[PDB]
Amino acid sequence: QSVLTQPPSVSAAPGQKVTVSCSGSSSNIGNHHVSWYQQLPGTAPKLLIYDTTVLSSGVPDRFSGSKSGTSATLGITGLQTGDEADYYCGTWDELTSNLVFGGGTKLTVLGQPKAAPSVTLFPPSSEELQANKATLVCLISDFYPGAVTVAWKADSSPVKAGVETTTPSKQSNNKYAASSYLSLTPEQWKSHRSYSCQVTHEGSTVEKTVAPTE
């Protein structure tokens, strides 16, 4: 809905307090109980807090819900890395007769340790070449924080033609994964000495190489 405003993101360090504000108006937060909803990446939202201040079963005392006029606040004390997630406020709006939601807030836990990517690079399979196509697959995992750049080389000449790279995404262990695919013709693959996938992360490079000799 986003007739309720939350900030897009908030950042504390482990063990600190962080708050997520949710501002609306008298018809919504003003005169009605607020709920808080946690969303882990690509899973259903979970009720944390209802009736503005009450915790669901098995939610810890470290979470609290506050309300001051037309604003509501989510409090998280003794912040853990397990709290990284999207947080949504909800209420009723007696004007629109709608349930309403905030635009959501992304919680980042600061000072997590930097981690270089693992790179697996596969050459085209036999079966794919036999269907007259060629895909180089470069899988990139367990890197923190989640920002990488990927370059490809054919005998250390750069190739921009044919590249499709995922944006980074959060693994269950708070580290990030990404994929980059380079499409070739069987004759491009067979013609060159080697192809290279070089991933760059916090300025420092991890590179992998496959050859047709096989």
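Numbering starts at 1 and follows the sequence shown.
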Original post:
Between 153-161 and 169-177, which has the higher average C-alpha B-factor in the PDB entry?
Top reply: 153-161
Original post:
With respect to the recorded C-alpha B factors, which stretch has the higher mean value, 183-191 or 47-55?
Top reply: 183-191
Original post:
Whose CA atom has the top B-factor in the entry, of 90, 123, 111, 75?
Top reply: 111
**OP:** Could you say whether, by C-alpha temperature factor, residue 85 belongs to the lowest, middle or highest third of its chain?
**Re:** lowest
**OP:** Quick one: classify residue 116 as lowest, middle or highest third of the chain based on its Cα B-factor.
**Re:** middle
**OP:** Select lowest, middle or highest to describe the third in which the CA B-factor of residue 139 falls within its chain in this entry.
**Re:** lowest
Original post:
Lowest, middle or highest third of the chain for the C-alpha temperature factor of residue 95?
Top reply: highest
Original post:
Of the three thirds of its chain by CA temperature factor, lowest, middle or highest, which one includes residue 71?
Top reply: middle
